[PDB]
Amino acid sequence: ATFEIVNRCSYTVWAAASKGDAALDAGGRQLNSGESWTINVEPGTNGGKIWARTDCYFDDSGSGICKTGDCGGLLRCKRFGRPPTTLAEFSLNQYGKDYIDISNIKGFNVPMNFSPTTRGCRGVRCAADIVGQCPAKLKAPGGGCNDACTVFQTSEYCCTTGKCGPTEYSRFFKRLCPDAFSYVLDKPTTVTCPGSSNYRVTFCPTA
């Protein structure tokens, strides 16, 4: 499957693609304002994530730091990034279907559109100013808006027991971005697409 990753933001982001224990394609790249990065994702990939990282410094070896979404200091991510990270999430060719969502479960750093480029399903978007409106307790100094699980580490926020409800914090993410997961047991906003669909992830899709 082909993912076109587009930075429409006015600022540079460092895109990242991982399935948690391995890079997808090169695993990460700098995207200046307007730049597009096309990656190939193995069919059958289960639990893939794409995210943006902000305010990175990397040396010539691809070792450094990002203020949001850092994946153990690498340019080319092998593992998931540190919150806060708006997440494009996908499972491909699962019994003939692709499954896509946007999640705020690990917080929000960059607005995002995740849309198929092929026919047969709709895209999802979380493009609200969640950072500007972020409740004081969830504001990350690095930039971005943390999820309550990351900040408070409670059974309720992290849904550790598999029993949890919506919270004042989850309802904030949900009010601004209804088409994104706000907590672990949120009513699924997953979109079902044809197996072997292709997709575009757009950072800052509106502004």
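This chain uses plain numbering: 1 for the first residue, then up along the sequence.
A donor-acceptor distance shorter than 3.5 angstrom exists from the side chain of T86 to the backbone of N109, with no hydrogens or angles considered. Between the side chain of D59 and the backbone N or O of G62, at least one donor-acceptor pair lies under 3.5 Å. Of the possible donor and acceptor atoms, one in the side chain of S91 sits under 3.5 Å from a partner among the backbone N and O of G47. Judged purely by atom type and a 3.5 angstrom limit, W51 uses its side chain to pair as donor or acceptor with the backbone of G69. Between the side chain of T167 and the backbone N or O of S170 there is at least one donor-acceptor pair closer than 3.5 Å. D25 contributes a side-chain N or O that, together with a main-chain N or O of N40, makes up a donor-acceptor pair within less than 3.5 Å. For the pair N7 (side chain) and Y11 (backbone), a donor-acceptor distance under 3.5 Å is present. For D129 (side chain) and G132 (main-chain N/O), a donor-acceptor pair under 3.5 Å exists by modelled atom type.
In this structure, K137 forms no cation-pi arrangement with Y169, as its terminal cationic atom is not both closer than 6.0 Å to the ring centre and no more than 45° off the ring axis.
At a threshold of 4.5 Å between non-hydrogen side-chain atoms, the residues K49 and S18 do not count as touching. Contact of the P43 side chain with the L92 side chain is not registered, since no non-hydrogen atoms from C-beta on lie closer than 4.5 Å. Put simply, the side chain of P84 does not reach to within 4.5 Å of the side chain of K106, judged on heavy atoms. Within the 4.5 Å cutoff, the side chain of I105 has no heavy atoms near those of the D147 side chain.
Checked against the 2.5 Å cut-off, the SG-SG distance between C149 and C159 does not fall under it. Under the 2.5 Å cut-off for SG-SG separation, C145 and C134 qualify: their sulfur atoms lie closer than that.
Side chains of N32 and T12: a donor-acceptor N/O pair is present below 3.5 angstrom, by distance only. No hydrogens or angles considered: nothing links the side chains of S10 and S33 as a donor-acceptor pair under 3.5 Å.
Salt-bridge check for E42 with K19: failed, with every basic side-chain N at 4.0 Å or more from each acidic carboxylate O. Between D70 and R53, none of the side-chain N atoms (NZ, or NE/NH1/NH2) sits under 4.0 Å from a carboxylate O, so this pair counts as no salt bridge.
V201 and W14 fall into different hydrophobic clusters, defined by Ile, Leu, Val, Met, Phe, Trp and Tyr side-chain heavy atoms under 4.5 Å apart, directly or through other members.
Partners of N113 by side-chain contact (heavy atoms from CB on, under 4.5 Å), not counting sequence neighbours, listed by chain and number: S115, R125, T202, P205. Residues forming a side chain to side chain donor-acceptor pair (under 3.5 Å) with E156 (at least two apart in sequence, or on another chain): none.
Counting non-hydrogen atoms of neighbouring residues, nucleotides and ligands closer than 6.0 angstrom, the CD atom of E168 reaches no more than 12 such neighbours. More than 12 heavy atoms of other residues, nucleotides or ligands lie within 6.0 Å of CZ in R29, so this atom counts as buried by the packing criterion. The 12-atom threshold is exceeded at NZ of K139, counting heavy atoms of other residues, nucleotides or ligands nearer than 6.0 Å.
Considering all non-hydrogen atoms of both residues, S197 and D98 come closest at N-OD2, 3.0 Å. Nearest heavy-atom pair across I65 and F58 is N-CE2, 4.3 Å. For the pair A17 and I39, the tightest heavy-atom approach, listed with the atom from each and the gap, is CB-CD1, 3.9 Å. Across all their heavy atoms, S196 and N93 have their closest contact at OG-ND2, 2.9 Å.
Residue pairs that meet the ring pair (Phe, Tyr, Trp, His ring centres under 6.0 Å) test with at least one member in residues 97-139, sequence neighbours left out, are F114-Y199.
Ring planes of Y157 and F152: tilted class, angle from 30 to 60°.
Tested against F181 for a side chain to side chain contact (heavy atoms under 4.5 Å, CB included), the candidates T190, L87, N104 yield a single pass: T190. Between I50 and the options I5, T85, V41, a side chain to side chain contact (heavy atoms under 4.5 Å, CB included) holds for only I5.
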